[PDB]
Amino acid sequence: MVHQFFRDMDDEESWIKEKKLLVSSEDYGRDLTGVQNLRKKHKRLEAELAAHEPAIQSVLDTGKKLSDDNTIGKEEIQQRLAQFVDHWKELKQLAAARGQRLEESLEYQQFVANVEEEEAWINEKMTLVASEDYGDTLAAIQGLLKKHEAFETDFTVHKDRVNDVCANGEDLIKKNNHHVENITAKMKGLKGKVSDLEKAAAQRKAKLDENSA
């Protein structure tokens, strides 16, 4: 009874101590897929905590009955119960904390991934727009002009996506200062690439019209 109570409490505390070290990991992942995998793993740990909740509560309930029955050794029991509750609350707090840090990491890696998607698109169009072919016949120029138009339509959509990625970066910086330097530089870099492509596109459009007029 009191013997089983202490064996159960000791067993749960050993478990808690082991889970505490697992939730003490400061690995937040290197990229989007990496963080997504860690969040799946953290959710499995949270289910494990939930699975032990009943056994934990049984120890507390048994401890309360022992204390209310004025069992001899009552003081040692109460102190052990308070230390037990403390280890459990601490574990839960650490697990919640890591879960939160992983959510922050997820938002950050999404921004890093989004910046790469927009920059890769811009980089490929920069090469396209730098073409030296301005049409060898008037009819050929009409073909290039319509293709340029198709490009601008798509560019307008990407300009709006870039604004959203930047608004997202500004929000990450506001929530706190993690990776502030990298985030600020990537937003400036991305806006700079959009400006460079707008300049390059305008120059090509001007050449094409000059050529056909």
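One-based numbering along the sequence shown.
Colleague: Look up the CA B-factors in the entry and say which stretch, 38-46 or 174-182, has the higher mean.
Modeller: Here the higher of the two C-alpha B-factor means belongs to 174-182.
Colleague: When the C-alpha temperature factors are averaged for each of 184-192 and 62-70, which stretch ends up with the higher value in the entry?
Modeller: Comparing averages over the C-alpha atoms only gives 62-70.
Colleague: Looking at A130, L102, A120, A95, which has the highest CA B-factor as recorded?
Modeller: Max CA B-factor in the entry, restricted to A130, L102, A120, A95: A130.
Colleague: Whose C-alpha has the highest temperature factor in the PDB entry: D31, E26, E152, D160?
Modeller: The C-alpha B-factor peaks, among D31, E26, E152, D160, at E26.
Colleague: Report the third (lowest, middle or highest) to which the CA temperature factor of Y134 belongs, ranking only the modelled residues of the same chain.
Modeller: Its C-alpha B-factor belongs to the highest third of this chain's values.
Colleague: Please place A201 in the lowest, middle or highest third of its chain according to the CA B-factor in the PDB entry.
Modeller: It belongs to the lowest third of the chain when residues are ordered by C-alpha B-factor.
Colleague: Lowest, middle or highest third of the chain for the C-alpha temperature factor of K125?
Modeller: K125: CA B-factor falls in the lowest third of its chain.
Colleague: If you rank the chain by CA B-factor, which third does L91 end up in: lowest, middle or highest?
Modeller: As the PDB entry reports it, the C-alpha B-factor of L91 lands in the middle third of its chain.
Colleague: Splitting the chain's C-alpha B-factors into thirds, which one does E75 fall into?
Modeller: Its C-alpha B-factor belongs to the highest third of this chain's values.
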